[PDB]
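Below: one structure, written as structure tokens.
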Amino acid sequence: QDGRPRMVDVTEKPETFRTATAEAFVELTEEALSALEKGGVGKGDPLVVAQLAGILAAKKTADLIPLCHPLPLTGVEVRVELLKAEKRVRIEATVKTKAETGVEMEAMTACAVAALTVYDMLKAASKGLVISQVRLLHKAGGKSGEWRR
Amino acid sequence: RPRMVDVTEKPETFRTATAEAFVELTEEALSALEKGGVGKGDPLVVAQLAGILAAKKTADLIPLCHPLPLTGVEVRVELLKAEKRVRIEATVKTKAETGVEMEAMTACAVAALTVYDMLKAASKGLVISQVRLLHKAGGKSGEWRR
Amino acid sequence: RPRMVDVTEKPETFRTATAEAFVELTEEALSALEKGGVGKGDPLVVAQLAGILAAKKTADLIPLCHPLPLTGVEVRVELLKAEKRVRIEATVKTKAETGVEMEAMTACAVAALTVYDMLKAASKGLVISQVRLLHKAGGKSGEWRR
Amino acid sequence: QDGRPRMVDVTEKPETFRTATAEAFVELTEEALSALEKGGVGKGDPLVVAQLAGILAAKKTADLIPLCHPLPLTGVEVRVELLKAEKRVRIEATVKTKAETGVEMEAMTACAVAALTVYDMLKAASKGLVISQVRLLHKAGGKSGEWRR
Amino acid sequence: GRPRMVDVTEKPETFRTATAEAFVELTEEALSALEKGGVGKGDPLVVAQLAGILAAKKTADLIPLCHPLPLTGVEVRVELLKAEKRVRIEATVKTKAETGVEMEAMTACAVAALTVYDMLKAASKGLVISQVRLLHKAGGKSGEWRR
Amino acid sequence: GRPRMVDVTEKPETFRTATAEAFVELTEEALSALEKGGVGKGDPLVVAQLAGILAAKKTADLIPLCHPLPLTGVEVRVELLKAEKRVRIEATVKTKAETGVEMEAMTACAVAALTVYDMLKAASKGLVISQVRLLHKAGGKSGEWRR
Ligand SMILES: Nc1nc2c(ncn2[C@@H]2O[C@H](COP(=O)(O)OP(=O)(O)OP(=O)(O)O)[C@@H](O)[C@H]2O)c(=O)[nH]1
Ligand SMILES: Nc1nc2c(ncn2[C@@H]2O[C@H](COP(=O)(O)OP(=O)(O)OP(=O)(O)O)[C@@H](O)[C@H]2O)c(=O)[nH]1
Ligand SMILES: Nc1nc2c(ncn2[C@@H]2O[C@H](COP(=O)(O)OP(=O)(O)OP(=O)(O)O)[C@@H](O)[C@H]2O)c(=O)[nH]1
Ligand SMILES: Nc1nc2c(ncn2[C@@H]2O[C@H](COP(=O)(O)OP(=O)(O)OP(=O)(O)O)[C@@H](O)[C@H]2O)c(=O)[nH]1
Ligand SMILES: Nc1nc2c(ncn2[C@@H]2O[C@H](COP(=O)(O)OP(=O)(O)OP(=O)(O)O)[C@@H](O)[C@H]2O)c(=O)[nH]1
Ligand SMILES: Nc1nc2c(ncn2[C@@H]2O[C@H](COP(=O)(O)OP(=O)(O)OP(=O)(O)O)[C@@H](O)[C@H]2O)c(=O)[nH]1
């Protein structure tokens with residue numbers, strides 16, 4: 001019984017309210033930005049589709065992250081705004097639940113997939129786009145307690 | 001209006017894509033990682049496999065993305081001690097009417113998310129940064145690089 | 001803005017939902033079905049199982065739908081010769097902050113789609129009609145019926 | 001080797017261009033209609049979300065329909081309009097591909113799930129809503145050839 | 001030494017085929033339940049035969065380094081062998097691609113077996129899935145292979 | 001007689017646990033490949049052990065009448081037994097719910113085995129998955145059960 005892959009046993013940990021908020025950014029290029037403001041490259045609105053994709057991702061997290069716990073989610077929010085001046089798209093997501101485990105991954109993942117979704121909705125205009133700074137901003141509940149960046 | 005771009009008209013040509021991602025480590029992260037993980041298993045070994053799997057699940061995560069038959073997938077996950085970084089690279093190949101830039105980008109992203117998952121117990125200040133396309137080729141498009 | 005409705009605040013109460021669907025048959029469909037299918041297997045046996053499975057996959061099909069632990073699923077698939085109809089009914093139960101009307105509606109819909117798949121070789125004029133909620137109960141909501 | 005469930009062998013059938021178009025309707029009630037025109041019951045725009053859900057469904061078809069063939073899809077279109085006067089929401093989808101098998105199910109399924117999605121986006125306003133007349137409108141390619149309702 | 005999905009880009013898409021089987025040893029209690037039609041959960045074999053077909057289609061999702069594949073065909077047969085008190089599962093999967101379908105056929109049986117077990121464990125938790133093996137395969141380089 | 005997901009609504013959510021194992025018979029060629037680190041696809045056991053964990057989480061998706069479940073824990077161990085020329089797989093799954101986790105544990109091993117097979121079939125297509133059985137289970141009504 002060495003240090004090998006395993007899903008930590010949290011059977012005896014209580015069922016407390018958990019939450020987590022994350023964010024991701026997408027660095028745009030002129031062409032990219034030009035298209036976005038024109039409504040996309042013909043596939044639909046990048047932000048609208050990516051926003052829904054980010055929510056769906058939150059629900060598929062345990063399917064993408066190997067040692068992650070399957071959890072019923074009680075809430076999922078996702079914001080996908082365009083920071084016109086900075087040439088950036090900003091995604092932020094907040095997930096909530098009632099289980100023995102946290103939801104930092106459901107939050108982190110929601111942001112990464114919505115980021116990938118914006119990329120797919122605009123790579124035809126420019127493939128140099130970059131997804132940057134995907135990071136956690138807060139979480140609460142359980143034992144660790146509150147946390148903010 | 002949203003929609004999956006019709007490509008029935010185009011032919012099956014070889015397609016290849018290569019991307020990469022970075023996870024910025026905190027000493028607390030790098031120390032755990034080096035001692036074998038935070039107690040959940042080698043963070044990198046798990047990230048790499050999760051990356052190959054993410055490439056296979058791409059079309060089910062990216063809404064307008066085209067379902068394709070992956071013909072090859074490589075994923076590299078390496079620790080850069082001096083840089084306090086985890087570098088991830090993925091190459092996806094296929095034969096179809098569309099590129100695999102998503103599969104590659106997705107493989108890197110999810111691998112990164114897995115590095116985060118295997119180390120966040122040591123630090124939640126970990127940052128996934130620069131998931132970007134390095135190389136791509138095939139069909140009409142042609143060559144392209146960072 | 002789209003979003004999965006926060007219910008962390010509410011308690012886990014028993015929840016139940018019952019829906020149904022109909023597939024209008026053409027003589028060409030009913031004749032195949034009665035002879036055992038169009039050659040792919042009992043259309044109804046397959047529809048019923050597909051329905052139970054659809055109930056389990058609901059949250060992955062309905063975007064804002066809440067992930068829940070299903071605690072029970074019943075699906076009935078019956079031929080109504082005189083009516084040239086296929087009647088489908090599904091009841092889903094659970095214990096959580098939200099109802100299972102989707103699971104039940106989804107179970108019926110997909111079962112219906114399966115009846116169509118097992119018979120369309122005989123007729124593509126088959127119609128899925130009236131997928132609707134029959135009964136529902138649990139928590140704040142209370143009773144409700146067609 | 002009797003008449004039991006099986007995925008028909010189409011290995012020796014050629015790879016021809018296939019297409020299929022289907023449609024589904026959702027009968028609304030006043031409350032339902034009132035909310036839809038007001039932008040939904042708080043979860044987002046029913047038509048916008050259902051439209052994306054219908055596309056995604058098209059890709060999960062083989063996962064929902066037991067004896068259905070796994071196929072690379074080459075195209076997917078979905079229309080989700082509100083027929084204000086008839087108190088109906090009309091969904092229509094068209095799928096395309098290049099394989100030995102048709103895509104009538106990818107089309108039928110896209111419509112049924114988008115219908116379910118509109119239901120979920122409005123059941124809070126009225127649960128009496130009904131999904132009706134999900135049917136095929138056309139298909140082409142392969143052997144059967146053209147077909148229209 | 002690291003894991004990966006083998007590059008088969010330059011290989012030609014041909015007719016591939018694989019056939020594997022699986023066995024489920026039945027205890028007397030479980031066999032009796034099977035003959036009565038199951039523990040009231042449903043018909044063990046009927047449900048299992050379907051689980052195998054669906055299974056085969058989810059193969060690439062369960063085997064990490066497996067290649068995703070459009071399947072041209074899937075055949076599954078689940079039978080009872082009273083005398084040996086065993087359930088037998090045979091599956092033949094067919095495709096046109098650069099890689100074989102041994103995994104789809106192999107997984108088809110394993111999961112079908114797992115389903116027999118689920119449908120009867122209420123009677124005997126000790127039931128065993130005894131033999132999941134490849135019987136035949138064909139297509140491409142190595143050509144026809146037989147057990 | 002029709003199939004269905006058994007109603008367990010009125011049962012209490014308790015600590016459930018199940019442990020099952022699986023074996024993979026190795027031919028001399030395959031064993032040799034295993035000791036060298038595999039056929040160049042990656043480390044058979046490492047990859048398999050992960051496939052089992054993921055597998056267990058996809059259980060409800062593969063077994064038709066199975067109950068979906070939040071899993072509190074999943075343990076998988078994959079070892080080589082040179083002398084018997086066998087790979088052994090043990091999996092223990094844990095949850096808090098109205099139903100047992102025998103399927104999650106049972107499927108964890110079967111799929112892990114299927115993965116060993118995938119990682120080594122290049123060397124020997126004849127490798128066999130010989131024994132997938134339940135070793136222990138606990139929680140609820142029947143309580144502790146042992147092979
Ligand atoms: N400006 C420009 N637009 C393009 C080009 N190719 C396609 N488009 C537009 O963008 C859409 C295609 O999106 P892409 O991301 O390039 O390809 P895709 O196959 O749709 O998406 P994936 O399956 O995720 O790879 C088309 O329907 C057009 O609306 C191009 O070369 N230049
Ligand atoms: N260094 C360190 N390790 C911890 C700490 N808390 C838990 N661990 C270790 O890491 C494991 C928990 O991993 P987490 O990612 O925090 O939680 P998890 O539920 O296992 O993982 P998720 O389901 O992905 O959220 C424990 O079983 C220990 O092995 C901590 O505060 N510091
Ligand atoms: N008018 C009205 N609106 C409600 C009621 N309950 C919830 N809502 C609104 O509708 C949203 C909830 O949608 P519902 O479909 O009822 O429940 P849900 O859990 O979000 O959706 P499912 O997980 O698919 O069952 C809330 O966020 C509010 O915006 C209600 O009782 N009356
Ligand atoms: N009565 C009748 N049966 C047909 C016809 N064509 C095919 N069949 C039978 O039905 C099977 C084909 O089913 P289809 O649904 O048309 O095609 P499929 O590829 O098997 O099914 P999908 O993947 O869901 O599209 C054949 O293998 C025969 O068993 C037809 O024109 N009339
Ligand atoms: N010794 C031996 N090695 C082989 C043979 N064929 C392929 N290999 C090696 O094993 C790898 C191929 O693995 P396989 O499992 O046969 O095929 P695969 O397509 O990669 O795997 P699947 O998609 O799961 O079928 C090659 O990249 C080589 O490293 C063979 O016939 N004999
Ligand atoms: N003979 C016998 N039958 C049982 C027992 N427990 C349950 N049953 C019967 O089998 C059904 C339960 O099936 P199980 O497989 O034990 O449990 P399950 O939760 O339905 O199935 P899973 O979700 O796959 O674990 C009940 O509805 C009864 O029909 C038992 O202990 N002995």
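Any value given below was found using the heavy atoms of this structure, including those in side chains, with hydrogens, waters and symmetry copies removed. Naming: A, B, ... by sequence-line order, numbering from 1 per chain. Atoms within each ligand, like the ligands themselves, are counted from 1 in listed order.
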Closest protein heavy atom (residue, atom, distance) for [atom]:
| atom | value |
| --- | --- |
| atom 24 (O) of ligand 3 | D:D120 OD1, 2.3 Å |
| atom 21 (O) of ligand 6 | E:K41 NZ, 3.2 Å |
| atom 26 (C) of ligand 6 | F:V6 CG1, 4.0 Å |
| atom 23 (O) of ligand 6 | F:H67 ND1, 2.7 Å |

Using a 4.0 Å heavy-atom cut-off, which part of C:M102 comes near ligand 3: side chain, backbone, both, or neither?
side chain

Checking contacts here: is it the side chain or the backbone of D:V41 that comes within 4.0 Å of ligand 3, counting heavy atoms only? Could be both or neither.
both

Using a 4.0 Å heavy-atom cut-off, say whether E:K121 meets ligand 6 through its side chain, its backbone, both or neither.
side chain

Proximity to ligand 6 by part of F:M5, non-hydrogen separation under 4.0 Å
neither

Would you find a donor on one side and an acceptor on the other, under 3.5 Å apart, between the side chain of E:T115 and the backbone of E:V111?
yes

For A:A140, does its backbone N or O pair with a side-chain atom of A:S144 as donor and acceptor, under 3.5 Å?
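Not at all, since once roles are kept as given, no pair shorter than 3.5 Å links the two residues.
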
Of E:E35, E:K36, E:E28, E:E29, which is the lone residue that meets side chain to side chain donor-acceptor pair (under 3.5 Å) with E:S32?
E:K36

Closer than 4.0 Å to some heavy atom of C:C65 - which atoms of ligand 3 meet that?
23 (O), 24 (O)

So which of E:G38, F:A60, F:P64, E:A122 gets nearest to atom 3 (N) of ligand 6, if we judge by its closest heavy atom?
E:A122

Would you say atom 18 (P) of ligand 2 makes contact with the protein, given that contact here means a non-hydrogen protein atom less than 4.0 Å away?
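Flag for atom 18 (P) of ligand 2 set to true, protein heavy atom closer than 4.0 Å.
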
